[PDB]
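Protein chains in written order, with the authors' numbering: chain B, 1 to 172; chain W, 1 to 172; chain E, 1 to 172; chain D, 9 to 53, 53A, 54 to 81, 81A, 82 to 94, 96 to 114; chain P, 276 to 324.
Where a beta carbon is used, it is the ideal one built from N, C-alpha and C, also for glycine.
Notes to accompany the following structure.
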Amino acid sequence: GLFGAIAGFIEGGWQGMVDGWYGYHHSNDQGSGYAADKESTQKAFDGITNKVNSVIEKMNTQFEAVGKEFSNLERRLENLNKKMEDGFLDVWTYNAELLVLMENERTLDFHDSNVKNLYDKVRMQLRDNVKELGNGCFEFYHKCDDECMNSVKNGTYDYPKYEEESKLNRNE
Amino acid sequence: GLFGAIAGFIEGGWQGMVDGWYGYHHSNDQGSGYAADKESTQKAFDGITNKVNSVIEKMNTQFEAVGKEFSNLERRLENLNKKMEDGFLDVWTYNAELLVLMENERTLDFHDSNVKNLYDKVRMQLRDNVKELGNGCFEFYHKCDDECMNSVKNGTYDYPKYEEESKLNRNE
Amino acid sequence: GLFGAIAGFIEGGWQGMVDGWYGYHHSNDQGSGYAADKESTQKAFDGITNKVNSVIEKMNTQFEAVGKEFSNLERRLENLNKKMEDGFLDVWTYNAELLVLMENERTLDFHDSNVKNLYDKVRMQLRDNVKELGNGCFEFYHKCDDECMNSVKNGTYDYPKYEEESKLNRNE
Amino acid sequence: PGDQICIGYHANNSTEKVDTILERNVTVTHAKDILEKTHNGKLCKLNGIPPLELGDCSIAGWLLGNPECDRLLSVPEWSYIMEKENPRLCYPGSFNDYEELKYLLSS
Amino acid sequence: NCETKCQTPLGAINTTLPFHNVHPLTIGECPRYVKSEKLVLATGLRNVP
């Protein structure tokens, strides 16, 4: 999209992840599998629900009674009432449709930004210990495990631990 | 702009490219020249035409007849008709002007995103085989040619082929 | 936010900078301290003032007189006038509130983009002479000073000068 | 091989389409319709109070006591008034400010 | 026998959403009548296999 993640350098989506909106896929010696990112997903969910609550709850109520109420003695006042009804109809139709379009564009871009941001958060942490594959994956220049993967996911990853091993395997 | 490409780290535009909206410029031993990116340009064109078709085609028709139709016997009903006309006039004027502003801002940012995304697509593919000049160019640490340039442009570039030559010329 | 700078990989804001909206913090042998970026800040200020001037100055004037003007002989025309008033009230209320929300979202994202863009401008200039800490800082692999810091800030930084010293301290 | 960790996004079997300012007919994982399209055919009461149901009768015939109109209702209070197509006054004539009266008695 | 805040000749409506396309003639606290056949907001993300 706008941030080039969804349908971008990350081609497809993951059917296997029912846990959340954005998550990880790890593939190591122990075993592969998916896992969500609760923080980013819940933040998005809170914002999105706050969005649809905004376009719904901010609408004014106003009890009114739409009808003819004007006889054939007064066809000018009928026409006046008709101009008014249609005038608002044209206003609300046009405004509502464009609102939905613009808001949907923003929403999709919003999701894109979220995935991209998670990608950057990860890459910024891993640095040159991994080979950036460009498809959304990182191939480790060392041997990571389930104990190391969780360290990446939870925000505490030890770069200098794997620095020298990664360097040697990098210039291999 | 928002993504910092147009009028950003890429200072100017290319008069020499009439082929499309975004493209490449290669400078090698064979010869220099410009070339467009049909995919990105056509995608943008389809979206943009879909945009102006949205703000135009989504407008409601409604046959009406604007006029006085009220004598001097009824100056209150005249004033009513006038309040209504002006009321909608103020609504449509304000809404239309802000619509155009907001939509133009989005459009320029949209283009910016497209150029930036193409830049990232390229850089992600080339990796450290090139020196990122920061002006939107990449200086090769090896000798690329028209046969190699086309490989970069069409999405299939051979990094490990030029890995060792680039490394040596990099630490030169 | 959308570009992940504010409340993102750059966690907090700087109380110590009263000079502008976005700036630098340098910490070296001479001494620490803050400094603004006049270019980026003033650009933002010009755009922002142009924004609030847009939503204010683009509103139509139109002298009108709101009132009853209809007796109890005509309660249908009263109700007509009431439908009209409320109709516009609902239109202006809804449109104004959503306008403010959408515009505020854009503004915050706009600021985010500006900080991120300054970060990228800096990182693109410094290259591998520094260790990207990920919190918004860059730790030099060499010894920079007030004379060198100003070179970074003003857009003219000498990479090849510090290339070899940085490399050696990098593989330390 | 090598050891990997990847960043990805949710995907499902949802076939819901939406339109944007840029693209149309875009499939999404989930969506919400903000348009009320339901016509259940029911006629309820309004904010707690029932409507006055005249049926074939008309406000003129009802008040005057048209012999062709059944009083049967006699409700002390109502929210709106419901009728039918076409009225059917016994003694021909006219009703002055009839519309104003219908509006007055609408609730 | 039922309660509704908005009443139309074709029936009653739930009044929760801001827009309806049911019927122009209306009585009550009602959503805005529009000519639209569908107004669908995207909540989730783009669906890609």
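For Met17 (chain B), name the three-state secondary structure that DSSP assigns.
Coil.
Helix, strand or coil: which one does DSSP assign to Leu77 (chain W)?
Helix, per DSSP.
When burial is assigned at 16 or more other CB atoms within 10 Å of the CB, is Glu85 (chain W) buried or exposed?
So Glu85 (chain W) counts as exposed.
What are the boundary residues of the beta strand (DSSP E) that includes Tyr24 (chain B)?
It spans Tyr22 to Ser27 - the beta strand (DSSP E) in which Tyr24 (chain B) sits, taken as one unbroken run.
Nearest to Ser40 (chain B) by CA position, among B:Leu2, B:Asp112 and B:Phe3, is which residue?
With distances taken between Cα atoms, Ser40 (chain B) lies closest to B:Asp112.
Under a CB-based cut-off of 8 Å, is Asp11 (chain D) close to chain B?
Yes, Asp11 (chain D) lies at the interface with chain B (some Cβ there is under 8 Å from its Cβ).
Considering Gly47 (chain E), what are the terminal residues of the alpha helix (DSSP H) in which it resides?
That run of the alpha helix (DSSP H) goes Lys38 to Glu57.
Roughly how many whole angstroms lie between the Cα atoms of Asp90 (chain E) and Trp92 (chain B)?
Their Cα atoms are separated by approximately 10 Å.
What are the residues in the stretch 18 to 39 of chain D lying within 7 Å of chain W by C-beta distance?
Those residues of the stretch 18 to 39 of chain D that come within reach of chain W (Cβ to Cβ, closer than 7 Å) are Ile29, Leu30, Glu31 and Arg32.
Can we count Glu74 (chain E) as close to the ligand GDP, meaning its CB is less than 7 Å from some heavy atom?
For the structure depicted, the ligand GDP is absent and the ligand set is empty, with no information on it obtainable.
Determine, for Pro299 (chain P), whether the minimum Cβ-Cβ distance to residues of chain F falls below 8 Å.
No chain F appears in this structure, whose protein chains are B, W, E, D and P.
Is the Cβ-Cβ distance between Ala39 (chain D) and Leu316 (chain P) less than 8 Å?
Yes, they are a contact pair.
Which term fits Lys116 (chain B), buried or exposed, when burial requires 16 or more other beta carbons within 10 angstroms of its beta carbon?
Answer is buried; the Cβ neighbour count reaches 16.
In its own chain, which residues sit with a C-beta less than 7 Å from the C-beta of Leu2 (chain E), not counting the 5 before and 5 after it?
Cβ within range, chain order: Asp109 and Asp112.
Going by CA-CA distance only, name the one from B:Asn79, B:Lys121 and B:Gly33 that's closest to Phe9 (chain E).
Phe9 (chain E) has its Cα closest to that of B:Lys121, out of B:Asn79, B:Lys121 and B:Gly33.
Go ahead and pull the three-state DSSP assignment for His298 (chain P).
DSSP places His298 (chain P) in coil when its eight states are reduced to three.
Following the continuous alpha helix (DSSP H) through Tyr141 (chain W), name the residue where it begins and the one where it ends.
That residue, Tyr141 (chain W), is in no alpha helix (DSSP H); it is neither H nor E in DSSP.
I'd like the span of the alpha helix (DSSP H) that includes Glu165 (chain E), first residue to last.
It spans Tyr159 to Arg170 - the alpha helix (DSSP H) in which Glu165 (chain E) sits, taken as one unbroken run.
Give me the Cα-Cα distance between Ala35 (chain B) and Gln15 (chain W), rounded to the nearest whole angstrom.
Answer to the nearest angstrom: the Cα atoms are 49 Å apart.
Going by Cα to Cα distance, which pick from P:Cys305, P:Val323, P:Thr318 and P:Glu278 is closest to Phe294 (chain P)?
When only C-alpha atoms are compared, the closest one is P:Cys305.
Residues of the stretch 103 to 122 of chain E with a CB closer than 7 Å to any CB of chain D: list them in chain order, please.
Those would be none; no residue qualifies.
Name the residue from E:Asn79, E:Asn60, E:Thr61 and E:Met59 whose alpha carbon lies nearest to the alpha carbon of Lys68 (chain E).
Nearest option by C-alpha distance: E:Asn79.
Relative to the C-alpha of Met59 (chain E), which candidate in W:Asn114, W:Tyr162, W:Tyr94 and W:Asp158 has its C-alpha closest?
Closest option to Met59 (chain E), Cα to Cα, is W:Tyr94.
Which whole-angstrom value is the C-beta distance of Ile302 (chain P) and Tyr86 (chain D), which I expect to be below 8 Å?
Correct: roughly 5 Å between the Cβ atoms.
Out of curiosity, what's the CA-to-CA distance linking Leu99 (chain E) and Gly12 (chain E)?
If you take the alpha carbons of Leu99 (chain E) and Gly12 (chain E), they lie about 28 Å apart.
Consider the Cβ of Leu111 (chain D): report whether some Cβ of chain E lies at a distance smaller than 8 Å.
True, the Cβ-Cβ gap to chain E drops below 8 Å.
Report buried or exposed for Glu57 (chain W), applying the criterion of at least 16 other Cβ atoms within 10 angstroms of its Cβ.
Counting Cβ neighbours within 10 Å, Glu57 (chain W) comes out exposed, since fewer than 16 surround it.
On the criterion of 16 or more Cβ atoms from any shown chain inside 10 Å, does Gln30 (chain B) qualify as buried, or is it exposed?
So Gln30 (chain B) counts as exposed.
Which residues, in chain order, does the stretch 302 to 319 of chain P contribute to contact with chain D at a C-beta distance below 9 Å?
Listed by position along the chain: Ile302, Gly303, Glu304, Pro306, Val309, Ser311, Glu312, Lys313, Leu314, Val315, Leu316, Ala317, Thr318 and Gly319.
Mind checking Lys50 (chain D): buried by the 16 CB within 10 Å criterion, or exposed?
That one is exposed.
Using a Cβ-Cβ cutoff of 8 Å, what residues of the stretch 63 to 90 of chain W are near chain E? List them in chain order.
If the cut-off is 8 Å between Cβ atoms, the stretch 63 to 90 of chain W has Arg76, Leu77, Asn79, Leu80, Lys83, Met84, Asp86, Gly87, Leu89 and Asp90 near chain E.
Return yes when the Cβ of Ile13 (chain D) is within less than 8 Å of the Cβ of residue 213 (chain B), no when it is not.
Residue 213 (chain B) lies beyond the residue range present for chain B, which begins at 1 and ends at 172; the question has no answer from this structure.
Taking Cβ positions only, does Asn129 (chain E) come closer than 8 Å to chain W?
So no, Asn129 (chain E) is outside the interface.
Consider the Cβ of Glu172 (chain E): report whether some Cβ of chain B lies at a distance smaller than 8 Å.
No, its Cβ sits nowhere closer than 8 Å to a Cβ of chain B.
State whether the stretch 145 to 162 of chain E contacts the stretch 23 to 37 of chain D, with contact taken as three or more CB pairs (one from each stretch) at a distance under 8 Å.
At 8 Å Cβ cutoff, the stretches do not touch.
Nearest chain E C-beta to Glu97 (chain W) closer than 8 Å, yes or no?
Yes, contact with chain E.
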